[PDB]
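Note that the sequence shown covers residues 377 to 698, 710 to 960, 975 to 1174 in PDB author numbering. Working notes, beginning with the structure itself.
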Amino acid sequence: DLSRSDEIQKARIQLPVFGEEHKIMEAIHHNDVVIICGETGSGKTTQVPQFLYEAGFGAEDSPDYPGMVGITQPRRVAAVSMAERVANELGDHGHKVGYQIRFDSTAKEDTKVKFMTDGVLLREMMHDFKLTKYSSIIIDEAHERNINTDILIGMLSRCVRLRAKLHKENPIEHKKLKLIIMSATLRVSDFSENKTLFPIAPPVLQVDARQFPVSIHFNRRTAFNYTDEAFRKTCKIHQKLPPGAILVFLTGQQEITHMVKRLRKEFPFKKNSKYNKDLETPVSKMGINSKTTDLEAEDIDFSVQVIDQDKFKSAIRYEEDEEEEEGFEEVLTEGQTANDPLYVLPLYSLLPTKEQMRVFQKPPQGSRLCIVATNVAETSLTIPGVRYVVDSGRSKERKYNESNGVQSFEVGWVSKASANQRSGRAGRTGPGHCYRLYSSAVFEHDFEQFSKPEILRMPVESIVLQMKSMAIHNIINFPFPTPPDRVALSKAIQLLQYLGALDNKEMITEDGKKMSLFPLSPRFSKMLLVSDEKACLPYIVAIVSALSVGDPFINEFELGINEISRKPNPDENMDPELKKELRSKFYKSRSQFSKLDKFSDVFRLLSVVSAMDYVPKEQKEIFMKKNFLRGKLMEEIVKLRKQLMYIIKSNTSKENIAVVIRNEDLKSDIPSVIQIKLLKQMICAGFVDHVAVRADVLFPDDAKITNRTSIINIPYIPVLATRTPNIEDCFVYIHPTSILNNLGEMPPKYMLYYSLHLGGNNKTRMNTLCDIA
Ligand SMILES: Nc1ncnc2c1ncn2[C@@H]1O[C@H](COP(=O)(O)OP(=O)(O)O)[C@@H](O)[C@H]1O
Ligand SMILES: [Mg+2]
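Here it is in structure tokens:
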């Protein structure tokens, strides 16, 4: 027999999924694949595994369902917390419940209900595709559309098909597999209507959760300093409004730690109270890297966007086209004071497990609970008693810049769907309030309706590399929920081959696996991997960071000081002396960063970035102004170098003991001559498919050229280019801003280019990196 406590079984009957047990189990008995949709707090994660367990799934001599019940989460916080909750709810059967969030954790013997991440199950499928240890797999939180979730759903479609075939043949020897996909929303047509996933559409069950009304309060304007605004709003809620918990939505650990410290200092418990160490978080993050667990966007610090208040405000100035703050008309109730202690706790994915469990316990009497969380608390779990939500409206998400191939992880607006999901957390126990730290205008105009599936926010070569690191062989025909185009997939496989991440039979190499460990686009990952020779790693880190952020050099044409037009075509129609003096100082400044190498634009980049570390704080602006630099880009490059250094150091160890890096660690020696030649080979490894040979070499005497041709007129041809019936439609040229223009000597024979550019219609121009010998 199974025996739960009175508290437990009475909590369960309130949950809307509990009431639909009948329809759910009926569908599961009649169908191998079932989709269940229900809002957060419905009881999906806690109750469906219990339904299966009570039905005999995993029972030690079940004739049809002896395998475990596996349930995946895209979020490891949810995996662990919801495992602990289900173990509690199973009473004297709770020992059957375990979890696994690390690759090399080996789970308990008697575990029959197993919570794990996405990536854990993907890895188990490498050793047993059929997942024979499992009677049922629940893919949870699918509406988040993380890349591993999409991949797992495709993999499981094949697995369930195969298990059904084998079970049809011999049911004593091969058991069926029940696949259940669970979603917070109805947006499941990429699963339910996808015929390559499910030839026969699975049933879609809807659970009708009862959410109390939540009053939505927009701020009048949208503050740039959202952490200060959230602190301010949280204090006002706490001091004026009746009992109930506060959930604050920030974007990452650093912000959360700082905000929790401010709140504890503002509303402490009495001096040397026991509670002022139940709140202590002596370890800000667990030792974690990509070798042991699947990094989530939230965990990765690699941001390339300039933060800038002026740019922010001008981007949203339409809100200035149209008195008290709304949502503060309720008052304190008896036994409350404006200065009650705040039982404030952090909640983010890097948080140690024992600390992350504190958020479900009741606050001590006479205090108010405040959870400062990332969007882990948006749909993946529920904090009891939340009456007030404070929404920064933002999150850290993966982004892919199509124009330059840079993958990064950036703070930006969430979708409207996500904002509404955040608000809803204030409506689980009773009517509540959500305080959005942004205007109704900004919400309307700049919050996208729906967030893009992560597969659409990735370099396709990253998608392919991840699947290949999971030993998924057939990429082209893989049943994606949202498939990339076959052409892009083929090109991505070929790129990974040029990078040596896939071999000639399209299988991952050892260097491929190492690259798959990095959160960067594979060209950059490759350059960092081959870089640990002759103390060259820091130079490559500087170069990758500069390329990721962008060109900090303001050029003559942007300064409006060019003597000759950018383009030679003769179309369209104080200041002079000053312009000539500006040109003088500009070419001097440029030359000052061109001393490491005479042919290589990438090394003038390295040069400014290196010089930047010797310019003390009070010189930055003078430095910037004197050198026509984009100071915000330079500062961002400093920050990114430090982030990337942390990423590498965290990867060297198995357990992360990487130390905070300080600005003084970036001080570089200027590279030696052989160091420079080597850097050129490393960069070339990242861009092997981008070499351009002077047309006069491949074809001498068959094409025009003269003694005094402008350098910018000297034709190059990318070796991998598609020769056309009329050839010259395919040549490319050196840009007039490059270092090469100051040669006079003839330009190199083999040049390495970052990319080619066609806007600016004279001719296709090269964005040059360096020469190849
Ligand atoms: N320690 C706990 N962990 C998780 N949920 C808890 C805990 N204690 C109580 N609960 C309650 O259990 C319910 C869990 O619902 P859940 O299964 O997470 O729904 P869904 O997965 O559909 O969002 C919540 O309403 C929450 O209030
Ligand atoms: Mg859930």
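Positions of the beta carbon are idealized from the N, C-alpha and C atoms, including for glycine.
Extent of the continuous beta strand (DSSP E) run through residue 476: One-based indexing of the sequence shown puts residue 476 at position 100. Unbroken beta strand (DSSP E) run through residue 476: 473-476.
I'd like to confirm the pairing. Which residues does DSSP put opposite residue 399 in its beta bridges? Position 23 of the sequence shown, counted from the first residue, corresponds to residue 399. According to DSSP, residue 399 bridges with nothing at all.
Let me check one thing: in DSSP terms, what residues is residue 492 bridge-paired to? The count along the sequence shown starts at 1 and reaches residue 492 at position 116. 448, 476.
Inter-stretch contact (C-beta, 8 Å, three-pair minimum) for the region 620-628 and the region 766-778: Yes, since at least three Cβ pairs between the region 620-628 and the region 766-778 fall closer than 8 Å, the two stretches touch.
Round the Cβ separation of residue 555 and residue 536 to the nearest angstrom and send it over; I've been treating them as touching at under 8 Å. Indexing the sequence shown from 1 puts residue 555 at position 179. Indexing the sequence shown from 1 puts residue 536 at position 160. At roughly 5 Å, the Cβ-Cβ gap stays under 8 Å, so residue 555 and residue 536 are in contact.
State yes or no: is the C-beta of residue 494 nearer than 7 Å to some heavy atom of ligand 2? Stepping through the sequence shown from its first residue, residue 494 is reached at position 118. Not one heavy atom of ligand 2 sits closer than 7 Å to the Cβ of residue 494.
Residues in its own chain within less than 6 Å of residue 495 by CB, not counting five upstream and five downstream? Here the question's residue 495 lines up with position 119 in the sequence shown. If you ignore the 5 residues before and after residue 495, its C-beta comes within less than 6 Å of the C-beta of 524, 670, all in its own chain and listed in chain order.
For residue 662, name the three-state secondary structure that DSSP assigns. Stepping through the sequence shown from its first residue, residue 662 is reached at position 286. Coil at residue 662, not helix or strand.
Could you tell me the distance, in whole angstroms, from the CA atom of residue 492 to the CA atom of residue 832? Locating residue 492 in the sequence shown gives position 116, where the first residue counts as 1. Locating residue 832 in the sequence shown gives position 445, where the first residue counts as 1. Approximately 38 Å between the Cα atoms of the pair.
Is residue 609 closer than 8 Å to residue 822 when the C-beta atoms are compared? Mapped onto the sequence shown, residue 822 falls at position 435. Mapped onto the sequence shown, residue 609 falls at position 233. A contact, by the Cβ cut-off of 8 Å.
Judging by CA-CA distance, which residue of 932, 1140, 855 is the nearest neighbour of residue 531? If you number the sequence shown from 1, residue 531 lands on position 155. Of 932, 1140, 855, the smallest CA-CA separation from residue 531 is found for 855.
Which residues in the same chain have their Cβ closer than 7 Å to the Cβ of residue 918, if we skip the five residues on either side of it in sequence? Walking along the sequence shown from the start, residue 918 turns up at place 531. Setting aside the 5 residues that flank it on each side, residue 918 is surrounded in the same chain by 924, 927, 1083, each with a C-beta closer than 7 Å to its C-beta; the list follows chain order.
Alpha carbon of residue 1116 to alpha carbon of residue 1095, nearest angstrom: Here residue 1116 refers to the residue found at position 715 of the sequence shown. Here residue 1095 refers to the residue found at position 694 of the sequence shown. Taking the CA atoms as reference points, residue 1116 sits about 6 Å from residue 1095.
For residue 813, which residues of its own chain have a beta-carbon under 7 Å away from its beta-carbon, when the five flanking residues on both sides are left out? As a working mapping, residue 813 is identified with position 426 in the sequence shown. Sequence-distant partners of residue 813 (beyond 5 residues in either direction) whose C-beta falls short of 7 Å from its own C-beta, in its chain, are 590, 773, 774, 775, 776, 819, 820, 821.
In terms of DSSP beta bridges, what is residue 784 paired with? Translated into the one-based positions of the sequence shown, residue 784 becomes position 397. In the DSSP output, where bridge partners are listed per residue, residue 784 has 797.
Counterpart residues of residue 821 in DSSP-defined beta bridges: Position 434 of the sequence shown, counted from the start, is the residue given in the question as residue 821. Among the bridge pairs identified by DSSP, residue 821 is matched with 592, 776.
Does the region 1046-1059 come close enough to the region 1070-1081 that 3 or more CB-CB pairs lie under 8 Å? Taking 8 Å as the limit for Cβ pairs, the verdict is that the region 1046-1059 does not touch the region 1070-1081.
For the beta strand (DSSP E) containing residue 977, name the first residue and the last one. Start at 1 with the first residue of the sequence shown, and residue 977 comes out as number 576. Looking at the DSSP string, residue 977 is not in any beta strand (DSSP E); the run it does join, the alpha helix (DSSP H), is 976-993.
Provide the residue(s) that pair with residue 623 in DSSP beta bridges, ordered along the chain. Position 247 of the sequence shown, counting from 1, holds the residue named residue 623. Its beta-bridge partners are 758, 776.
My assumption, with CB atoms under 8 Å, is that residue 695 sits in contact with residue 828. Please give the rounded CB distance. Stepping through the sequence shown from its first residue, residue 695 is reached at position 319. Stepping through the sequence shown from its first residue, residue 828 is reached at position 441. Confirmed, Cβ separation roughly 4 Å.
Backbone secondary structure at residue 1153 - three-state DSSP: The residue you call residue 1153 lines up with position 752 of the sequence shown. DSSP places residue 1153 in strand when its eight states are reduced to three.
Which stretch, first to last residue, makes up the beta strand (DSSP E) that contains residue 1119? Reading the sequence shown from its first residue, position 718 is the one you call residue 1119. Element bounds for residue 1119: 1117-1119.
Return the residue from the list 806, 761, 862, 377 that minimises the CA-CA distance to residue 466. For the purposes of this step, residue 466 is identified with residue 90 of the sequence shown, where counting begins at 1. Of the candidates 806, 761, 862, 377, the one whose C-alpha sits nearest the C-alpha of residue 466 is 377.
At what residues does the beta strand (DSSP E) containing residue 733 begin and finish? Locating residue 733 in the sequence shown gives position 346, where the first residue counts as 1. Segment 729-734, the beta strand (DSSP E) holding residue 733.
Let me know the alpha helix (DSSP H) ranges lying completely inside the region 905-948, each 4 residues or longer, listed in chain order. If we require 4 residues or more, the alpha helix (DSSP H) runs fully inside the region 905-948 come out as 909-916, 924-936, 943-946.
Consider the C-beta atom of residue 397 and the heavy atoms of ligand 2; say whether any pair is separated by less than 7 Å. Within the sequence shown, numbered from 1, the residue matching residue 397 stands at position 21. No, Cβ of residue 397 sits at least 7 Å from all heavy atoms of ligand 2.
Tell me, to the nearest whole angstrom, how far the beta carbon of residue 913 is from that of residue 667; I am working on the premise that it is less than 8 Å. Numbered from 1 along the sequence shown, position 526 holds the residue referred to as residue 913. Numbered from 1 along the sequence shown, position 291 holds the residue referred to as residue 667. With a beta-carbon spacing of about 18 Å, residue 913 and residue 667 fall beyond the 8 Å limit used to define contacts.
In chain order, what residues of the same chain have a beta carbon less than 7 Å from the beta carbon of residue 1027, not counting five sequence neighbours either side? To locate residue 1027, count along the sequence shown from 1; it is residue 626. Closer than 7 Å at the Cβ level, and outside the excluded window around residue 1027, lie 990.
How would you write the range of the beta strand (DSSP E) that residue 1170 sits in, first residue to last? To locate residue 1170, count along the sequence shown from 1; it is residue 769. That run of the beta strand (DSSP E) goes 1166-1172.
Determine the extent of the beta strand (DSSP E) in which residue 558 is found, giving its start and end residues. Residue numbering aside, residue 558 sits at position 182 when the sequence shown is read from its first letter. Here the beta strand (DSSP E) through residue 558 covers 554-559.
Check for me: the beta strand (DSSP E) holding residue 510 runs from which residue to which? Locating residue 510 in the sequence shown gives position 134, counting from the first residue. Looking at the DSSP string, the run of the beta strand (DSSP E) that includes residue 510 is 510-515.
Please classify residue 718: is it buried, with 16 or more other beta-carbons within 10 angstroms of its beta-carbon, or exposed? If you number the sequence shown from 1, residue 718 lands on position 331. Counting every other CB atom within 10 Å of its CB across the protein chains shown gives residue 718 a total below 16, marking it as exposed.
Whole-Å CB distance - residue 1158 paired with residue 1165, under 8 Å assumed: Residue mapping note: residue 1158 aligns to position 757 of the sequence shown, counting from 1. Residue mapping note: residue 1165 aligns to position 764 of the sequence shown, counting from 1. Contact flag correct, Cβ pair sits at about 7 Å.
Residue 1173 and residue 1092 - do their beta-carbons sit closer together than 8 Å? The residue you call residue 1092 lines up with position 691 of the sequence shown. The residue you call residue 1173 lines up with position 772 of the sequence shown. Inclusion of residue 1092 and residue 1173 in the CB contact set at 8 Å is warranted, their separation being smaller than that value.
Considering only the beta carbon of each residue, do residue 862 and residue 880 sit closer than 8 Å? The count along the sequence shown starts at 1 and reaches residue 862 at position 475. The count along the sequence shown starts at 1 and reaches residue 880 at position 493. Yes.
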